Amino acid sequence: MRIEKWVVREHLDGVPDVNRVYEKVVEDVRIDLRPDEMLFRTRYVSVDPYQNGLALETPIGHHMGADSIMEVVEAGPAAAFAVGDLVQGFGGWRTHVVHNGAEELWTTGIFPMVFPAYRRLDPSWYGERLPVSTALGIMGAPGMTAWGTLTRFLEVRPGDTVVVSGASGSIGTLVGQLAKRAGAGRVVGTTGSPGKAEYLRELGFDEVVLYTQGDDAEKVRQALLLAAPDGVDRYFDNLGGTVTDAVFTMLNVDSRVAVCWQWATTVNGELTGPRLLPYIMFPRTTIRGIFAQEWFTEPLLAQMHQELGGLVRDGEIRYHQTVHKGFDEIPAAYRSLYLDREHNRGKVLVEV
C-alpha cells in the first residue's frame, strides 16, 4: 500500500520557496483497520493561505492539514461510512488516510481547536454544472460562510448599506453578490490592489475602497465615509484591523456585524486578523462571530445546495476555483498563493 504525503520539512515564516518548507514522503503501509476506522483515498485537497501559519505549529515530519474530499475504499465493521462514499473532512495533503471520522481536539497551537467531524457528501448534490470539487468551495465551508451568514444572521434589508472587507476573496465576493440580491441599497467592498477595483464592480458592488492593512485608521475612515455617505447598516468582516475600527465609527442604529473566525497566526509575533469582543460594547449593535461548520446541519446543507446550488446551476452566481491536477502539484499550487492575504481562502484546490 503506497501512501504519499507532503510533510513539514522546516519551520519558515512566509517564505516563497515551498520546497524548503515541504517535503514529499512515500512509504508502504500495512493497513489493519480498527473496527470503526475507514481507509480513504484523497480526491481533492484545499490549498489556503493559512497553511503557512499551520506549518509553523505542525511537528517536523508531520503532514500538512487541509480540507479534503475523500473516497471510502475500506470500512471496518463499526465505521461511520460505507465503501464507495464520498466524504469531506480535514484529511490533509495525503494520498490516503486512515481515520474514523470523529472530531479532533487539537490543543498545541495558539488556541485550542476542534476539527469538525467528517461528513458524507450526498451523491445527488453534484453534477456537471456543480461538480464534487465545489464541496471545498461554494458548496462547502467557504460558500456556507457567506451564504449561512446572509440567511441566518445578517438580515440585509432593502436600501441597507452593506460593507464587505476582504471583498476580493471568494467568500467576500459571494457575500457582496448575495447582498445585492437581497436588495441592498449599496454594497461597498474593500481591497488592497486597484487591479480588482474595476473587477469588483464588475462582479457586483456599488463601490470599492482601496485598503492595505498598514493604512491609517483615519485614512480608511475617510475613504469609507465617501463610499457610504448614509452610514453603514451591515458589516461582513473577513479582514479585521484598521478597516473594522473605522466601520464602527459610522454604524447606523440597530446595525448588524458578522466577524469571521480565522485560523490564529501571528505576523511580527502578535495576532492580527478579525476581532470581536472589543467591539461588543458599542451601543445598539448586534455582532455575531461566524464559523461555517456551525451550520453544517442536514437541513441547512440541503437548503444551500438547493437555493445557492440552484443559483450556480442557472448561471446567476459564479465562484472562481482553480484546480491543479496531480498530487505532485501541491507545492506549485501553494506557491501560487504568495501575495494572497489570509481572507483569500477557498480558491485553490488540487485534484489527486
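Residue numbers run from 1 along the displayed sequence.
Of the two segments examined, 207 to 215 and 134 to 142, it is 207 to 215 that shows the higher average Cα temperature factor in the deposited entry. Annotation for 316 to 324 versus 290 to 298: the higher mean temperature factor (C-alpha) is found in 316 to 324.
Annotation for 151, 107, 100, 238: 107 ranks highest, by Cα B-factor. Of the candidates 165, 222, 255, 272, the one whose C-alpha carries the top B factor in the deposited record is 272.
The entry lists a Cα temperature factor for residue 81 that places it in the middle third of the chain's modelled residues. When the modelled residues of the chain are ordered by their C-alpha B factor, residue 57 lands in the middle third.
The entry lists a Cα temperature factor for residue 2 that places it in the highest third of the chain's modelled residues.
Split the chain's modelled residues into thirds by C-alpha temperature factor. Residue 174 is in the middle one. Sorting the modelled residues of the chain by their CA temperature factor places residue 34 in the highest third.
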